[PDB]
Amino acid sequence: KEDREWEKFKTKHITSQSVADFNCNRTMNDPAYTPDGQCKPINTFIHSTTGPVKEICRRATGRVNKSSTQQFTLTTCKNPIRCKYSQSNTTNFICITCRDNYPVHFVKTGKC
């Protein structure tokens, strides 16, 4: 169900918060943004409106990994000590799995 996979991707990997306001310790432990479970060893959050992320797949057909053509601001929450994280940010391209027009999986930072 590609729309629901997209919803899971949005929740897990796209943040509506600014780089400054984003808080790894809150979000990584908040069920609302962690549909695979809380306190994971790593996660990459894309600071973007959903449209531009979705348009990574604009020319995608079937199931295929696509690189973004532009860079995104990214927060990495990593290396938890009792679910308390190192937090850092950078800009980079991203590599996602598209199912048709829908991002359904975060593959890697950088190009595919």
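In this text, residue numbers run from 1 along the sequence as written.
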## Note on the structure
Between 35-43 and 49-57, the record assigns the higher mean Cα B factor to 49-57
### Summary
Looking only at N65, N29, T76, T73, the Cα with the top B-factor belongs to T73
### Query
C-alpha B factor of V104, ranked within the chain: lowest, middle or highest third?
lowest
### Message
Quick check on the deposited entry: does the C-alpha B-factor of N25 sit in the lowest, middle or highest third of its chain?
### Response
middle
### Task
Among all modelled residues of this chain, ranked by Cα B factor, put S16 in the bottom, middle or top third, i.e. lowest, middle or highest.
middle
